[PDB]
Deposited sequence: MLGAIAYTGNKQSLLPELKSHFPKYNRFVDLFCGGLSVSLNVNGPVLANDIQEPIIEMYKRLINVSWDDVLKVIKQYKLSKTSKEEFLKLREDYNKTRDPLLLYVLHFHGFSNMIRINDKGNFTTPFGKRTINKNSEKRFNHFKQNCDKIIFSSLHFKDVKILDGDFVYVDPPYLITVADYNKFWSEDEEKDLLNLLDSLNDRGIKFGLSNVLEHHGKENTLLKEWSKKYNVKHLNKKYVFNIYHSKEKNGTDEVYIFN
């Protein structure tokens, strides 16, 4: 139940409790997928979408690389737990070539495996005093053994077109919380998502949305109310982890 890469917000753990609610579908849509904690572990076909083209091209790529391919690039850069400059180079190189395979290595050495990218589309995460380890290849493998049941998409959720008959799984940025990618989020976003989430219901299209109603101080009222029109399955400084669905 591993994700292809370590990823902030990943769901490895909750998938179990999360599948217990999944309806049937002709296509599984992972609207916001990042880590692929879900996609790599649901029943095909899977439309894995995420707005971050870098991470999505990185997947498209990975499909044909091999663990050796990977190991090679590392040896070639002589990267390791304390290789700060070797890192900074690999960064520059990515930034220039925009070669997906390189992003995949970097993510292994970033500060807390963060994959942060800027306006200009550059990888800017600071060194993280780390490199690959056991799970590295396990993650690597697991990806390669399951990605063939996936189709990758890199569109704003509001553009993925949902067909009638597929199941949509939403796990977007949590308003109240703050991971890096919340830079792509706002209330105006929480809104369109929630309104369109409605649309999908009227079209008799089943959906599943994981999020937090309260975390660390503030609360998501907009959804706290919206959440009524549909179900709920509370899961939780205490943050209330829920699964709002139909």
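Colleague: Where the model has no C-alpha, note the corresponding stretch of the deposited sequence, numbering from 1.
Modeller: No C-alpha for residues 237-249, nothing else.
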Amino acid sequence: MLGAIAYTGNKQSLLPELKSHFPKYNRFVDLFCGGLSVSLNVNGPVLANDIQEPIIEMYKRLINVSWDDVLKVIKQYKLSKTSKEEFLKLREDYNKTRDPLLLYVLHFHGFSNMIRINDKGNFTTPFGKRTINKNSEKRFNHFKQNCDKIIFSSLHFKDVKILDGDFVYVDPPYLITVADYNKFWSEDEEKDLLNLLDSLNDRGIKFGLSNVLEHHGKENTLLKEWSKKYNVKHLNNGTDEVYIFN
From here on, numbers count along this sequence of modelled residues.
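Colleague: Would 51-59 or 203-211 have the larger average of its C-alpha temperature factors, as given in the entry?
Modeller: For C-alpha atoms only, the mean B-factor is higher in 203-211.
Colleague: Quick check: 63-71 versus 215-223, which has the larger average CA B-factor in the record?
Modeller: The stretch with the larger mean CA B-factor is 215-223.
Colleague: Per the entry, which of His109, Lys134, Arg116, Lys120 tops the list for Cα B factor?
Modeller: Most elevated C-alpha B-factor of the set, per the entry: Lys134.
Colleague: Consider only the C-alpha atoms of the modelled residues in this chain, order them by B-factor as the entry records it, and name the third containing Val46: lowest, middle or highest.
Modeller: Tercile = middle for this residue's CA B-factor.
Colleague: In terms of the CA temperature factor given in the entry, to which third of its chain does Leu197 belong: lowest, middle or highest?
Modeller: CA B-factor rank for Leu197: highest third.
Colleague: Of the three thirds of its chain by CA temperature factor, lowest, middle or highest, which one includes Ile150?
Modeller: Lowest third - that is where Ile150 ends up once the chain's C-alpha B-factors are sorted.
Colleague: Determine, from the deposited record, the chain-internal third of the Cα B-factor for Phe32: lowest, middle or highest.
Modeller: Ranked within chain, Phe32 CA B lands in the lowest tercile.
Colleague: Against its chain's modelled residues, does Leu103's Cα B factor rank lowest, middle or highest third?
Modeller: Ranked within chain, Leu103 CA B lands in the lowest tercile.
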